[PDB]
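Form deposited in one PDB entry, single chain, as structure tokens, below.
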């Protein structure tokens, strides 16, 4: 199961908008005109087909279990702010949470070459 942060629990969940913000299709019609359940932003309600969000099935299953924010709403899970540079907020490849590079421990200055996952998704050591 996906672990939730205390501040994510019992935060309000916005009314979901039942069409995709990318293609304007409902859950009945993604871009291939096939049914596909939407993922919806807990802050603004904006939704997306996982295919339109470019999420894998594995990531989709994970983000559906969490209080997810859309691309525009995403705030840093550490400092809780947005900041002014979008190329400074990494999105976790395991849970899609955002973290500013400077809010990582230790801070990052340079982009990872491959996947990046947050400290929440890294398992505890033996």
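Numbering follows the first chain given and starts at 1. We call the rigid core whatever largest set of C-alpha positions still superposes within 1.5 Å between the two forms.
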Between 77-85 and 92-100, point out the one with the higher average CA B-factor as the PDB entry records it. 77-85
Is the mean CA B factor in the deposited entry higher across 6-14 or across 21-29? 6-14
Against its chain's modelled residues, does residue 111's Cα B factor rank lowest, middle or highest third? highest
Once the chain's modelled residues are ordered by C-alpha B factor and cut into thirds, is residue 49 in the lowest, middle or highest one? lowest
Taking the values exactly as deposited, rank residue 62 by C-alpha B-factor within its chain and report the matching third: lowest, middle or highest. lowest
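As for the form deposited in another entry, it is not shown, yet the points below apply to it.
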Core-aligned CA displacement of residue 56 at least 2 Å between the shown form and the other one: no
Return yes or no for residue 45: a CA shift of at least 2 Å between the shown form and the other one, with the rigid core superposed? no
Taking the rigid core as the superposition reference, indicate whether the CA of residue 65 shifts 2 angstroms or more between the shown form and the other one. no
If the C-alpha spacing of residue 86 and residue 65 moves by 3 Å or more in the other form, is that a move closer or farther apart? farther
Direction of the Cα shift between residue 85 and residue 47 in the other form, where the change is 3 Å or more: closer
